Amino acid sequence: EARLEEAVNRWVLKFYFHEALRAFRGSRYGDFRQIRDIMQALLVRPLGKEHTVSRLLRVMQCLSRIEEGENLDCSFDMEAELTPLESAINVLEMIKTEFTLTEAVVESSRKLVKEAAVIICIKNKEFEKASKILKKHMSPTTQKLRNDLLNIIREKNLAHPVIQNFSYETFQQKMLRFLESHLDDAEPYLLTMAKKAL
């Protein structure tokens, strides 16, 4: 019941979380992935996990899924039948719960992820997947888009403005801004100590 290794592990987790966000923000996704992998390895160790660690990890989960979102070959679900962005949708719901966010606050960002999930499948000519995603998650306000995407899928029209104008870079950076807006902007202890040490 003791914080000793847990205390250091928390410091380490929060340090790499900070560095992962920093990397993602500078569009250094290679660095992000490397840091992600360190954090994955830490998860087996005692962290004294509570709601704040849980919150950090959900955000990290969502970003990791978004960073792999263009890679349809990979999966985060044991039911390895979900595209990365579909898993991202799932994590966003957990983020809504653990950050206690209103529907109004999350709706806009959920729409982006859903839009991206469908478009990425379309760009990869995975029309049946896009169709399933569109059905499952977009089945009132974004009617024009849902209908555009439905026609794009039916007609296999990758040439469409909706598809051609889509920027995954713009999308993922928008998601980071959203996710970061619900986090504390505190400098991690290890970084503070390193600055002191030089």
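Throughout, we count residues from 1 along the sequence that is shown. The term rigid core refers to the most C-alpha atoms you can superpose between the two forms while keeping them within 1.5 Å.
S.K.: Core-superposed in 7 other deposited structures of this protein, which stretch deviates more in Cα positions, 44-52 or 60-68?
M.R.: Larger mean C-alpha displacement, comparing 44-52 and 60-68 in 7 other deposited structures of this protein, is found in 44-52.
S.K.: Can you say how many deposited residues have no coordinates in the span between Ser139 and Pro140, choosing none, 1 to 3, 4 to 9, or 10 or more?
M.R.: The entry leaves 1 to 3 residues without coordinates here.
S.K.: When the C-alpha temperature factors are averaged for each of 168-176 and 46-54, which stretch ends up with the higher value in the entry?
M.R.: So the stretch with the higher mean C-alpha B-factor is 46-54.
S.K.: Name the higher of the two by mean Cα B-factor in the PDB entry, 62-70 versus 129-137.
M.R.: Taking the mean B-factor of the alpha carbons in each, 129-137 is higher.
S.K.: Looking at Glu115, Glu86, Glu93, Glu103, which has the highest Cα B-factor in the entry?
M.R.: Of the candidates given, the C-alpha B-factor peaks at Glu103.
S.K.: Please place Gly26 in the lowest, middle or highest third of its chain by C-alpha B factor as given in the entry.
M.R.: Lowest third, going by the recorded CA B-factors of the chain.
S.K.: Quick check for you: using the entry's CA B-factors within this chain, is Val8 in the lowest, middle or highest third?
M.R.: For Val8, the deposited C-alpha B-factor lands in the lowest third.
S.K.: How does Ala197 rank on Cα B-factor within its chain, lowest, middle or highest third?
M.R.: Highest third of the chain for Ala197's C-alpha B-factor.
S.K.: Based on the entry's values, in what third of the chain does the Cα temperature factor of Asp184 lie: lowest, middle or highest?
M.R.: CA B-factor rank for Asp184: highest third.
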